[PDB]
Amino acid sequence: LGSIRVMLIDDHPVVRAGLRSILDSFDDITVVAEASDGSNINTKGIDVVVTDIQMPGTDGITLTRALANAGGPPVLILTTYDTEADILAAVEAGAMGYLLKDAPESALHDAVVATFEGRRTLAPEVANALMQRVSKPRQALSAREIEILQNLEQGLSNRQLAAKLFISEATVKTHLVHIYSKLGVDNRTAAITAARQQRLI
């Protein structure tokens, strides 16, 4: 056949229509099927699946894995640089290709062809979006949190901490949750050890 037969999947018909128009505009690509999620999909006659991440029912991450399990057609995942979707889970799913939805049209064409030919598209723009999303610098422990650790080191219970610092036992407990998360621990003895190793107190 002269054209690569695409199934285009997106829960947002206003966005889907723009992508369809772009894909169909190439002489070597034809959108033969559309869907609004990844459920019940029949891939007979489909050369490439082009899919969104965020969709109700079966999302693009689950669809990617399902098609992989079936030995189904290869998948190109489209997203946005500022997506609220789980971009890390999408990348971990191991689709053949990844591209942003507002990439140059030629790049979308080339991504479809690459996907069809079984060549990976790990688009730098997607990689950059992933790094931005997952690499979040975390704030220092606050003065209050350091104070709590210094008193935990002296062996104070939650009640004693509350009495000494003039904050409620519930407020103490909330702080401890946050401290334990920052320290990578789940109890008070381990927190003290970590705070000592980390030279925090």
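Start at 1 and count along the sequence shown; that's the residue number.
Taking the PDB entry as given, 170 to 178 carries the higher mean Cα B factor of the two stretches 170 to 178 and 60 to 68.
When the two stretches 91 to 99 and 121 to 129 are set side by side, the higher mean Cα temperature factor goes to 121 to 129.
Within the group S39, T51, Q139, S135, the record's highest C-alpha temperature factor is found at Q139. Looking at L183, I9, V15, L23, the one whose CA carries the top B-factor in the deposited record is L183.
Looking at the C-alpha B-factors along this chain, the one for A33 belongs to the lowest third. Remark: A143 belongs to the middle third of its chain, ranked by C-alpha B-factor as recorded. Annotation for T43: CA B-factor lies in the lowest third of the chain's modelled residues. The deposited CA B-factor of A195 belongs to the lowest third of values across its chain.
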